[PDB]
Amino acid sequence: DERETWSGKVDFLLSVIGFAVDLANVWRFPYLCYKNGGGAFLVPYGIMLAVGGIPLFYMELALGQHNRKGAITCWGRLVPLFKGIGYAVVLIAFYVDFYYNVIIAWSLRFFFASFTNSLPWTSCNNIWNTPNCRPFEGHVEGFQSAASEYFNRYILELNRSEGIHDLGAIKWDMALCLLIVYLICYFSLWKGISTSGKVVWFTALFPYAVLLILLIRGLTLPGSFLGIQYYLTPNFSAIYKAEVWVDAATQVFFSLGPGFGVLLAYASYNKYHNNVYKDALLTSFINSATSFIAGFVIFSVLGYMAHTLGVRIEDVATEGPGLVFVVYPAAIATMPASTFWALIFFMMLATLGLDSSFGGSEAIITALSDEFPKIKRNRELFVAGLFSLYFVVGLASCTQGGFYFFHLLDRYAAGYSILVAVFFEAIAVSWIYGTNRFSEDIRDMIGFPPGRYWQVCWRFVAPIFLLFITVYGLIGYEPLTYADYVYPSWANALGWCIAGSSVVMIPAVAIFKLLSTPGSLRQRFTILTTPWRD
């Protein structure tokens, strides 16, 4: 009494699948397999996934469904002292869609650019080209491929910008794509999960339809088996490497979505006695299984490029947007029926990001709706005000130096923001709130207590797991740079301010809460550490 509920369970699942499954399943995982010694990478990947990844993924989902509230009120009602964790998590997600939605617009921009027999990015003789343009990927920095120059010199116009200090002109074609995106988002998150739960049916499922088509097309290409070899051929030499275990841990952590309060929010609409343990296992698996599949879709085509198109595999095998917006489209253009693959590819990229933005924004709305009945009373006006703020500020990413803006936030939005956020999530739950209570809560929901395996992971493994990542992360730290450009010192600071903006809420809200409660210190802790339940 009283909360809206899912329209039935597929909606929830596809909402969680759609959230967790995004461009990151296509553009980092397959690369890591290739780099880390292939099928061997699965060992550290799976271990990290089992001990670190799923237990944390499991945690938020159970926590969300149990406390029946958004991120802020949820931690407020769990550990009032740490209620800042809710605030931090929410505005981390708040920062993230100032940038992340630009990837979708890029996807939409290639989509409409792709409505022709002759794909613009296949040729070096165009107006935006330079004398250094190769037909395909090479080793040398100064000579870009054709697909690269289309992306940078035409779509992005990143060549006009000398850094983050010069953003240059606003591309209004790019701005139209961002707006179309927020439109799609709006009428999605329009009425809440009663609609949003419906729309994810397309956005979550569609990627698999296209993955199948590209899986079949790619494997029928000459050289496709050569690609799979680079992808999956095991070197267990890597298993002994620290960098390989760190890549496994990190990838597993960031691929599943804990720390944005999205799983918390989404699960909060579940029926109390719903089995969230079966949902957490099914959903986790599908997320990973998707990455594994997509790997074949990519490296199948990657091998084809090395075989038929004469390019060194190390040059075409890459991560980040470069893979999806340059390397892969370069291959599609050489194939017969190119236009078809192109159109469905870029729509896949779109639908891959969309259901992700849904959960991200939903984390904020649900969080604020439960804290402030004012904006709970009017949903339609709030999201309009939120997305308007997004779009206006997002005009910065539609500029000629937009990528420089994108790359800054990408690094600092939460890299370490969410890490320390989830670390305090694992600590608050397992120690402060206690595992005994937590297990008791889950039992009352699904009927049985968590296996003591999960309990150990939440208390010990997770914290050192997040620590293992955060330590090795700081150990290899180097100042922000993109390509040959090095970001200024003031820019790096602005990132740390964005990164620490969210995390600072935890200690801050603890102080303001500590000082707002009368009595002795030891008496003042106990009041703030006593759950809403008790």
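Numbers for residues come from their place in the sequence shown, where the first is 1.
message: If you take the mean CA temperature factor per stretch, which one wins between 369-377 and 297-305?
response: In the deposited entry, the stretch with the higher C-alpha B-factor mean is 369-377.
query: Comparing 45-53 with 486-494, which stretch shows the greater average C-alpha B-factor in the deposited entry?
result: Going by the record's values, the stretch with the higher mean is 486-494.
query: Highest Cα B-factor in the PDB entry belongs to which of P329, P207, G320, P463?
result: Across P329, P207, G320, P463, the entry lists the biggest C-alpha B-factor for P463.
Deposited CA B-factor, highest of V429, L158, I103, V324: Among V429, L158, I103, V324, the PDB entry lists the largest C-alpha B-factor for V429.
- prompt: Based on the entry's values, in what third of the chain does the Cα temperature factor of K271 lie: lowest, middle or highest?
  reply: As the PDB entry reports it, the C-alpha B-factor of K271 lands in the middle third of its chain.
- request: Tell me, lowest, middle or highest third: where does the Cα B factor of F468 rank within its chain?
  value: Its C-alpha B-factor, which the entry lists for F468, ranks in the middle third among residues of this chain.
query: Based on the entry's values, in what third of the chain does the Cα temperature factor of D315 lie: lowest, middle or highest?
result: Lowest third, going by the recorded CA B-factors of the chain.
query: Should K171 be placed in the lowest, middle or highest third of its chain by the C-alpha B factor in the entry?
result: Middle third - that is where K171 ends up once the chain's C-alpha B-factors are sorted.
- prompt: Should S107 be placed in the lowest, middle or highest third of its chain by the C-alpha B factor in the entry?
  reply: Bottom third by C-alpha B-factor.
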